[PDB]
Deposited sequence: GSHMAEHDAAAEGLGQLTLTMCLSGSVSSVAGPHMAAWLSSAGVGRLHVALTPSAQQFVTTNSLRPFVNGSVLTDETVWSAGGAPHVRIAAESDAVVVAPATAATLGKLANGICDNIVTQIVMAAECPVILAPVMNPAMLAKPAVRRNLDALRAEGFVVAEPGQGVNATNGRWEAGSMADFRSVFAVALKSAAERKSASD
């Protein structure tokens, strides 16, 4: 009802569910919804597919660049929860190592609200030691790592209540 939730989409084909998830959130209590995309995510989701379901901003690296300022960092501050779903190995690896080189990773690293991450990758990657350690680091950040999607957004909304 009174919640501002920011949804982040990574370069996984699962992010085609973005518009469906945004509608699920919109067609429920969520007051403000924001969506941010990594560059790779834009090969699987278009911003025009998200805008009809998103009463906040739909942010890409190009959108934020041409607008100037740091509107994404304002949105991080204004969020009661930030969800990265799907979260690719690459995005998890960047967050785990503090390398915020796009708008999605900058939003997460600027956020002080609960952060829920939903890793998605082939299990030929999810058991690799380097990925295990990244999940360890992400969890030391205080982030919630939901291994292995409506269940994910339920946990985010609960955390956003407090």
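- In this entry, the deposited residues absent from the coordinate set span 1-14, 163-180, 195-200.
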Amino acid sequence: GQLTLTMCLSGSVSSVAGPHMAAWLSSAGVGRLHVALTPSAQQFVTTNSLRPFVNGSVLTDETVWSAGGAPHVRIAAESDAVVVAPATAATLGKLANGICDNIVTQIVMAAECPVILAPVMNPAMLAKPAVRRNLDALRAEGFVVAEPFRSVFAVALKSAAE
From here on, numbers count along this sequence of modelled residues.
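- Higher mean CA temperature factor, per the PDB entry, when comparing 131-139 with 26-34: 26-34.
- Looking at 150-158 and 14-22 together, the entry lists the larger mean B-factor for 150-158, computed on C-alpha atoms.
- Among 82, 92, 85, 75, the highest C-alpha B-factor recorded in the PDB entry belongs to 75.
- Ranking 98, 123, 56, 119 by the C-alpha B-factor listed in the PDB entry places 123 at the top.
- Residue 70: CA B factor in the highest third of modelled residues in this chain (values from the PDB entry).
- Sorting the modelled residues of the chain by their CA temperature factor places residue 5 in the middle third.
- Per the PDB record, residue ranking by Cα B-factor puts residue 112 in the highest third of the chain.
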